[PDB]
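Coordinate inspection notes
So the chains spell out like this:
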Amino acid sequence: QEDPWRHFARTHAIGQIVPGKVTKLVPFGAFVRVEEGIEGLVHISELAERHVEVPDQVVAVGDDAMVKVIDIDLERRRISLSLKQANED
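Its PDB record attributes the structure to solution NMR.

Points about the overall build of the chain
The helix and strand tally for the chain stands at three helices and five strands. Shown N-terminal to C-terminal, the secondary structure of the chain runs as helices and strands in the order α-β-β-β-α-β-β-α. Taking 2.2 N^0.38 as the reference for a compact globule, 89 residues should give roughly 12 Å; the C-alpha atoms of the chain span a radius of gyration of 12 Å, in line with that estimate. In the chain, which comprises 89 residues, the share counted as buried stands at 31%. Restricting the contact set of the chain to residue pairs at least 6 apart, pairs at least 24 apart contribute 54%.

Thoughts on the nonpolar core
Ranked by internal contacts, the top residues of the largest apolar core, which has 18 residues, are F8, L47, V59, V69, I72, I79 and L81. Elements with a minimum of two residues in this core: β2 (29–35), β3 (38–43), α2 (44–47), β4 (63–73) and β5 (78–82). With three residues, β4 is the largest single contributor of residues to this core. Non-local contacts of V69, meaning those with residues more than four positions away in its chain, are made with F8, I14, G15, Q16, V18, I79, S80 and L81.

A closer look at the sheet that holds β5
A barrel is described by the order of its strands in space; here five strands give the closed sequence β1-β2-β3-β5-β4, paired in mixed fashion. Going from strand to strand, the sheet's axes swing by 55° on average, the running direction of each strand aside. As paired strands, β4 and β5 are joined by five bridges and run antiparallel to one another. In the strand pairing of β5, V69 is matched with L81. Those strands touched by helix α1 (residues 4–11) are β2, β3, β4 and β5, and its axis lies near 75° from that of β2.

Reading the values: rules and limits
- Residues numbered from 1 in each chain as written, not as in the entry; some residues may be left out.
- Heavy atoms only, no water.
- Helix = DSSP H or I, 4+ residues; strand = E, 2+ residues; numbered from the N terminus.
- Rg over C-alpha atoms; globule rule 2.2 N^0.38 Å.
- Buried < 20%, exposed > 50% of the residue type's maximum accessible area, 1.4 Å probe, protein only.
- Contact = heavy atoms within 4.5 Å.
- Core = buried A, V, L, I, M, F, W, Y, C linked by side-chain atoms within 4.5 Å.
- Pairing = 2+ DSSP bridges.
- Axes fitted to C-alpha atoms, helices over the stretch in contact; angles between N-to-C directions.

Listed below in structure tokens is the structure:
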């Protein structure tokens with residue numbers, strides 16, 4: 001243990017806004033590539049304040065967007081980000 005997923009914690013400061021790559025998406029959340037092996041899911045609400053049907057409206061496959069790293073769940077190999085807070089801070 002204490003490898004890649006951990007490595008993020010020891011390498012990236014939480015709360016910073018970082019450009020990632022939206023590789024995959026689904027109607028409830030989108031997956032951004034921040035570091036190899038960890039993908040950040042962004043809830044449909046974190047995308048926009050209005051009715052978003054599918055993340056594709058805002059972020060499609062291959063989208064490179066700076067998002068705020070709000071949390072890191074390295075024990076579940078997950079990472080949390082929100083475009084709302086990215087614009088907020």
